[PDB]
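For reference, the structure discussed in these notes is given below.
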Amino acid sequence: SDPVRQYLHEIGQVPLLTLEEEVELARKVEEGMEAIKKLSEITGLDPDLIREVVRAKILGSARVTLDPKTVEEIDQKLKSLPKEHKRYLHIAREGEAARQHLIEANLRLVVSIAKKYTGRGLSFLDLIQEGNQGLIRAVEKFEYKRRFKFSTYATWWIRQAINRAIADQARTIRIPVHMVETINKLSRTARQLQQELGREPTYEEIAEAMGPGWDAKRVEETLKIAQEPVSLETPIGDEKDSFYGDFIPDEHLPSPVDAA
Amino acid sequence: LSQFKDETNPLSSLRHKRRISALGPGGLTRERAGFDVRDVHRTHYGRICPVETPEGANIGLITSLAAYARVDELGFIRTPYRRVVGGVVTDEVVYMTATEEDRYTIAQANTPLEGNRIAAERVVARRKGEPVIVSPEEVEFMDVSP
Amino acid sequence: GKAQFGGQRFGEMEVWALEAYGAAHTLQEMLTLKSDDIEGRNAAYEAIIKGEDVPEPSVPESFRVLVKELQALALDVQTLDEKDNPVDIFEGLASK
Amino acid sequence: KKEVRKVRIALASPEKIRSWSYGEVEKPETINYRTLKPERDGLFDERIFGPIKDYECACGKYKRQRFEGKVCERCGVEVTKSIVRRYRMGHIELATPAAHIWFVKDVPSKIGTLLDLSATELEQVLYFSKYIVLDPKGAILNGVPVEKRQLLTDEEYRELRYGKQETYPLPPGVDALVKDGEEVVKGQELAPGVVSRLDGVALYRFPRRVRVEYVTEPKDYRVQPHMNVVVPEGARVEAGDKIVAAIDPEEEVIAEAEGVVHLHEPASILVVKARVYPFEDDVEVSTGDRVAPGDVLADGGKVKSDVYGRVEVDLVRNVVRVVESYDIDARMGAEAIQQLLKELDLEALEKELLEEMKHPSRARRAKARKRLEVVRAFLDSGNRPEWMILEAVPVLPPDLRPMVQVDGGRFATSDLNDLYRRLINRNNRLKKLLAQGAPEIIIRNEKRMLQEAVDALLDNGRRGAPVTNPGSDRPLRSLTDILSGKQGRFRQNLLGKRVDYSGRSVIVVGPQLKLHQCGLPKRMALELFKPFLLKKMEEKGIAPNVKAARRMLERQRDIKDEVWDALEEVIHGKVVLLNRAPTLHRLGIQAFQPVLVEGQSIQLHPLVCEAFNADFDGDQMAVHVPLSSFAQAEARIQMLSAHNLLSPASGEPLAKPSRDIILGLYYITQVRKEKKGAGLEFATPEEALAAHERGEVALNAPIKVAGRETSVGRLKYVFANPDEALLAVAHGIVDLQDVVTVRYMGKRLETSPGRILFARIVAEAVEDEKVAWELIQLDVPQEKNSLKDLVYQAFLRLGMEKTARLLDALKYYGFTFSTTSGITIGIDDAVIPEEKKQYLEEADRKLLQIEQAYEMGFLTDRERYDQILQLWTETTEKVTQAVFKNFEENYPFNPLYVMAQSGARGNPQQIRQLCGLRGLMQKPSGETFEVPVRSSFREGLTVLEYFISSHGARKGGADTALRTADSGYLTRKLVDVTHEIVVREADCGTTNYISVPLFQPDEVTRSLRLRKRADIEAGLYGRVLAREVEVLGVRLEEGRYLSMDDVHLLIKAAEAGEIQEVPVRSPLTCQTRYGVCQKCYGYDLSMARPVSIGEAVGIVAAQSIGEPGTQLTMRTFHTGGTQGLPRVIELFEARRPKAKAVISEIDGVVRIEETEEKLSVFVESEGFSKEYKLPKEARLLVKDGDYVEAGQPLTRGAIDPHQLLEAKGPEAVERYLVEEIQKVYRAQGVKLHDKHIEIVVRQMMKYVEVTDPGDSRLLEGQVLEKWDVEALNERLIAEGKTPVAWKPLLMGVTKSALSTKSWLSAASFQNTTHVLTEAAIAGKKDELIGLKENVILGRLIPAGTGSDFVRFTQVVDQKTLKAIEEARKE
DNA sequence: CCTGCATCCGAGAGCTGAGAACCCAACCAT
DNA sequence: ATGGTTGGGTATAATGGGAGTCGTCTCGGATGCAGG
Ligand SMILES: Nc1nc2c(ncn2[C@@H]2O[C@H](COP(=O)(O)OP(=O)(O)OP(=O)(O)OP(=O)(O)OC[C@H]3O[C@@H](n4cnc5c(N)ncnc54)[C@H](O)[C@@H]3O)[C@@H](O)[C@H]2O)c(=O)[nH]1
Ligand SMILES: Nc1ccn([C@@H]2O[C@H](COP(=O)(O)CP(=O)(O)OP(=O)(O)O)[C@@H](O)[C@H]2O)c(=O)n1
Ligand SMILES: [Mg+2]
Ligand SMILES: [Mg+2]
Ligand SMILES: [Mg+2]
Ligand SMILES: [Mg+2]
Ligand SMILES: [Zn+2]
Ligand SMILES: [Zn+2]
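Protein chains in written order, with the authors' numbering: chain X, 78 to 141, 150 to 345; chain A, 391 to 536; chain S, 1023 to 1118; chain C, 2 to 216, 340 to 1245, 1253 to 1501.
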């Protein structure tokens, strides 16, 4: 049990990296990327297709839209390159291995970033998985030439993915991202106004502090739209025998008196 | 523990303010509480009323503070006793916990007196909750009132 | 509840008492025509308002809810006739 | 429309789920945040689940009917009724298979049993902690080849999959002792402070410097971390070539001339266990390919791989390194479990288990049978085991998981919506992440959470922390939580419902009502009978139409006078049902004719309060209105109060005088006694008359005249008829309690005018003088027992109508005479006897002695305590006797004494507490105090005594509060074990019977004494004689129902030694299927006549057993100077007693062998001699050299029922259980017939266990119903094979109820998950035999008017019958 | 190899009434 | 043609979490451990 401890154990089973190993891995993935684009332009095939087939071969048959016959036939079709071209394949494969190794090594940075986003409508493991997606994206778009540390560029992508996940999955009734950030800014302004005034602000103060284009009706509408629904199974009374839905009548089906 | 106040009459509110509950957050559960915690203990004398409790599943779990009882700063209920020395009942009143009460022989409040001297050869008393009959010299404390 | 203009609960032990009396028809009325047989209660009210006798009851809606909730647990609950052929208690509203 | 007869439950295949669904929900969106309309492809989409509006699509193209079945092209919504939103399912396609938790966590696991996997192993595999291997491909682990179904941990799998390798760092400034590309043995130090630990080739990682020769002189080039080395170690270079490629083109290291290149000062070493292969041209296999020995590796096939492994082509050194590995196929999770389940062949596995079942081992055979049960359930049902793993998850219709707008404008939702959202989110993220080729760790994590989300959706709070909504700690309500529990669907909405046409109100006494009438408030009747009232007012001229009548009735001030007359017309002849909770027995609901009254309180008849257990200190009752002609006929004929006068449990009157009625009748029927005369002598009556007239003798003094005992009243007042005596009473000449002489019925009776008046009351009530004279006992005061006997005899002799009339007359006259009697209670009425003082003082004497006997040394502490307690209890008994003797001698008309004697109110203990003394009290630990409460309630207690008694008062309150729940639980268990038993036929034809004994053995003196007459009545009354009986020159024929008079005759004959036991039919020996027959059941105890076919006797038996336990068993306990309900529950559950006694398994003689340290008993038969070693402190009921039979006890205590079953057999266990259950109820004073316990015990003994399957397909040790195996054996005899051999079993009520054939009743009882999963695997088909299943289905129960025996009856008049024949005569 | 014997886990425990980053740019819907 | 909604980007460095729960009692089955 306790899946967080299991995930932490699995993540700690992979050792960390030094600067030299990190730059080596990044250089290898960079050369693998350059190799796959070179191969794609040489053969005239879609770079995404060849990258997917190459990575499928690197993973193995364990990873079952492309029939096995298809990927195998393409793999034999890339075995028709005389020389100075199979080097592209080998560099690409080593780059894919470098990508995997780097992601596995730096998943702990995802954990470290995500551990301070708990308590906002998403469980810790969901935050970790969205951070992992962001880390994969950052590994995809990292340029090691700048001599910057891996975490410096990875942190922005991880935080962006986490914030997007909070905005998109925290509420049962979906609210778009712009409205979500508007609501957060409204709440922050309200709390600063409460701190300064020494009491709960009125809608006029919040509208004034928002800026141009904000009036009391607009803040009232925003606050009305920002309410989250309650459960039909909320316990009513001290004893464990009454639910909320016990007080909700049906207004859709006609009554016996109405039907007659 | 935060309850809609009962104010049918002033006595209702006064009763509600003096209620003691064994339930609540970090307390007992109504359906699985055994006889041991719902029984009138011998130390309830003068601290918790042995009579006023709700009938039903809450019997013994909700009780009432006794009339003269006072909760001390540490949270222990104390009850008052008159000091008696040499068979003479004095006006000094000492508020004591159950542990302190366990150390003495305490006479009943209805002990007959002439002036303030115990005018009875046989005195009904409590020793660690056990009813006993003692001589006036052995008496250490007396009840303030029934 | 009285505040909701609600009705009295006919619980398990009341059903036991009705069964012990052998009052099959009264119990069937309580289970269907008065609680959750929608078409049944509608027809009963219309029949009483027109002076006829109340009609025969049907399957209560709570059983349909039970069947639907058992299907949500990936369990195939099916009602059968005397020849073990399926009988559709949903009148065809749930068949593709 | 064909009727439903069976309900089947079975497993659902993924194809079945996909066939159910109308579409896949693709997004977790529920509704739009701004327009409040369902989102496309969401959990509420109208395209999938149906339209919200009736016959109108989402986009508004179609807004009319006639468009049924067509789907709008713009919106995709079919135009149909909106109600289909509560029927139509959806589905979710999982990215990876997930296991249904019901088949994983319900012990024993069905999947684990099928695959022979333990619970921990399945936990490890399913939740991604260990691998399970398929097709090992000849891999070697630790020198041992790997076999299928083997568990590999993450490190063990990784080592086998990829090979062993480690990296050793090198501190700066320290070089290595080896070269690049050389093999390293374990322990070979690579540095002055670094030592290797594995074998294999070692390679340098990041050499710091590069030495380049020139064709000679060397040169050194520094390698910075940001640039890499290309040239292989020890390889020549050419002019212009690059050596150390760099990020900057100008910063690259270019070879100036031709020279060798070497790499030195490594940063780390990588030692791997691998093979190495140099090449000098293009290679064939690229990095990431797996090869076998003897495959093409490089150089066009010159070099070949020699071991299994993975290839990496190091282009820097231009060498192929093949790391020794395998292509092992090990998987983890539900995907691997499903692969295993698909491959399973059930026939071969069944053959293997059948072969295993021949082992001499008992445990191995038991486990083989356990596996075979599941295997055969799957084989017979036709279900595939792989369906046990979910590929498509069904989605409940939206209307059962609503998102609704509350009156305040806020939304309310179900937890199921959030669970579905969580599942959909995790599935979508898994699909996205799979599309990116993410590493295995993240995929494992995602699949773990997906499995957990499926678990939470199906069964939340089973493993680990339950899922809760943010900001709360309340667990989310899953489907299983909805289905099961006291709050679940089955118990809260199917076995009980809220109903229409119902009300409730406070009740008040209705003393002027008749037995069949109840007082109903006017407004209550207006609301209850509203539709009938609307019809009546429309028929009249009160309103033009029904709507106008409703509008008139909706406003209180708009109601008129004629509508009340219309209401009186409506309810004429109709009845309503009154119910008081808790409904302990069936008489908790009764039918009454409503009399419209003013006010808001229901008026209840005084004589039905005892049946309802109702009083008038705030009780409330519910009112229901039966609607149809069938319901009204059932209520008026079967459930009317005046038709239910006898108890269904005992057959004794239950509607009978009580409280004030008894008091008044006793007051008028008691005779005055005076002491003024006190046995004076007179020779002639006239001298006695003159003595009274001069004032020396009282009127009622017992004098003797002329040798005859008489009184002055007998001689002075001789009345010719009762009218004259009552006229003299009206003139004050004599009192109702004075003894005079009256001529009645042609005889001269010395009696009182009150007793004559009572006789006249009965005679005029029953309209029969001779029968009334026969019924009554004239020469005794009328009290509770005599009045009850009168009611019973009147019932027997006259019928229900005349009995009810007599009951009403008795109630009226009892009330009238209790009003004017002058009964009151003052403080002086608690008379304290003088002897009490003496009794105390004498006690104060003995106490001193005891103290002396302890202060000198002739007594210990325990003995002193015991003697003090015994002295005080004897003193309390003496005080009680003195109190009641004083009452009887000096104040025979004292109010407390009269109340206690007449049975109106009070018992001797309470009277003693009022008058004499309270007595000893118990400490909270359960021990008595040493000093008693010597004051009564009249004298007033002291503070200390009050506090001492508070312990017992509180303990009694807690006793009530915490035992009523256990008794209610027992009643529910009995109902769920006996609900199917009905009277189904007139006679089963059996010739078996039971023998009810009339003499009980005694433990003391080992002698037979006649049983208590109440016990014989409880065991014999109403039964059918199995054999002819000849007693006292009287023939009781076979097939005779034993009346009460017959039982008394049998007792009288047994007292003369003419009979020892009575053979009767019983439910224990009935042969009817799913019930009993009329002859084996006997009387309907509530009607004193043979039971009608179709009576639900199982429910009646369960209620009869449960009702007394709820209140009167160890009601308010009075704190005054293995038992009870726990013993009864232990017996009904077949619990093994903790105080178990020892029985003799075989026949023989007794030889007790006792040494100073140990004790034993030997039973010596003629064949064998067995031994029983017993504690020395144990008790022995036998003596040395005595004879004991098999199963006869040798020790005191509770007997183990199962050991007794093994020893003596089934009938002995039946008799033991019935008698031991009856003991507890008899000790409490409860009258209850043996039949009900016999029914429950018959249900307890329903099953057998196979010892030898013979020529059947059954298995050894398989539990199955007795009827089924008997039928199987009979058919085997018909076919000519060997019978199945079986032994009876004994199961508690809980296990017997959960072992029934019908899965609906078992699921609605308890343990819903286990019952449902077993039934679904087996594909069980419910035949709807019992009552609970038909109640759940909302059908007509097969009992009473729903019985097939009576429900097809036709009725027709003479006119129609003939002409139907005239048509046939043609 | 069999057996018995503590040990652990799961499932019960009456009825009715009421009570917490920001910004910028492209893109479908209506 | 307009808002409302959605996708993409930020570059010193950062690298394994945190609340919690200890006052029920029995009973029945599944099970691992001890002995012979
Ligand atoms: N089947 C049944 N019958 C009962 C019960 N208890 C009493 N009777 C009958 O009622 C007559 C008068 O009994 P009472 O003289 O006791 O009066 P009451 O109405 O019970 O009121 P209270 O004195 O309790 O006043 P309250 O202010 O405390 O009421 C508010 C609080 O009481 C409790 N409470 C109030 N009402 C009920 C109720 N209906 N059911 C259960 N608990 C109730 C509850 O806990 C609530 O939260 C008795 O003779 C019996 O026929 C019972 O448990 N079950
Ligand atoms: N939880 C409960 C409490 C009560 N009841 C019902 O209320 C009645 C009176 O209990 P009560 O305590 O109100 C009085 P009673 O015992 O008759 O009085 P006395 O000895 O002081 O004269 C019981 O007999 C039950 O039918 C219930 O079903 N569930
Ligand atoms: Mg109460
Ligand atoms: Mg009452
Ligand atoms: Mg009473
Ligand atoms: Mg005369
Ligand atoms: Zn449309
Ligand atoms: Zn029979």
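For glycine and all other residues, C-beta sits at the position ideal for the given N, C-alpha and C.
- For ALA1046 (chain S), the distance from the CB to the nearest heavy atom of ligand 1 is not below 7 angstroms.
- Counting only runs of 3 or more residues that sit fully inside the stretch 345 to 416 of chain C, the beta strand (DSSP E) segments are 359 to 361, 366 to 369, 383 to 396, 398 to 402, 413 to 415, in chain order.
- Note: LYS871 (chain C) is bridge-paired with C:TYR868 in the DSSP secondary-structure output.
- Setting aside the 5 residues that flank it on each side, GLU179 (chain X) is surrounded in the same chain by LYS105, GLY109, each with a C-beta closer than 7 angstroms to its C-beta; the list follows chain order.
- Interface flag for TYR329 (chain X) against chain C is set, since a Cβ pair is found closer than 8 angstroms.
- Cβ neighbours of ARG468 (chain A) within its own chain (closer than 8 angstroms, five residues either side excluded): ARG437, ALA459, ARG460, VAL461, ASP462, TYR485, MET486, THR487.
- Between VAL1292 (chain C) and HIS1333 (chain C), the alpha-carbon positions lie close to 21 angstroms from each other.
- Of all residues in the stretch 107 to 136 of chain X, none places a beta-carbon less than 9 angstroms from a beta-carbon of chain S.
- Nearest Cα to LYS1269 (chain C) within the set C:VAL1221, C:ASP1331, C:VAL195: C:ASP1331.
- At the C-beta level, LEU187 (chain X) and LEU282 (chain X) stay beyond 8 angstroms of one another.
- Within the model, the alpha-carbon separation for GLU156 (chain C) versus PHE129 (chain C) is close to 13 angstroms.
- In the structure shown, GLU1054 (chain C) adopts coil according to DSSP, grouped into three states.
- Residues of chain C whose Cβ lies closer than 7 angstroms to the Cβ of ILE449 (chain A) are, in chain order, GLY1081, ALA1082, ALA1085.
- In terms of beta-carbon proximity, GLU1036 (chain S) lines the interface with chain C, with at least one pair separated by less than 8 angstroms.
- A straight line joining the alpha-carbon of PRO339 (chain X) with that of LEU1088 (chain S) spans about 23 angstroms.
- Of the residues assessed, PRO1232 (chain C) falls on the buried side of the cut-off, its CB having 16 or more other CB atoms within 10 angstroms.
- Distances from the CA of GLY1385 (chain C) to each of C:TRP1417, C:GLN1374, C:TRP1398 were compared; the closest alpha carbon is that of C:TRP1417.
- Residue environment for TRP1398 (chain C): exposed (fewer than 16 other C-beta atoms within 10 angstroms of its C-beta).
- At the C-beta level, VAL513 (chain A) and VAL534 (chain A) stay beyond 8 angstroms of one another.
- With 6 angstroms as the limit, the residues whose C-beta approaches any heavy atom of ligand 4 more closely are C:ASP739, C:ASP741, C:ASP743, in sequence along the chain.
- In summary, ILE221 (chain X) is buried, with 16 or more beta-carbon neighbours lying within 10 Å of its beta-carbon over all protein chains present.
- The Cβ atoms of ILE1060 (chain S) and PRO655 (chain C) do not sit closer than 8 angstroms to each other.
- Put simply, the stretch 759 to 772 of chain C does not touch the stretch 832 to 840 of chain C. Fewer than three CB pairs are less than 8 angstroms apart.
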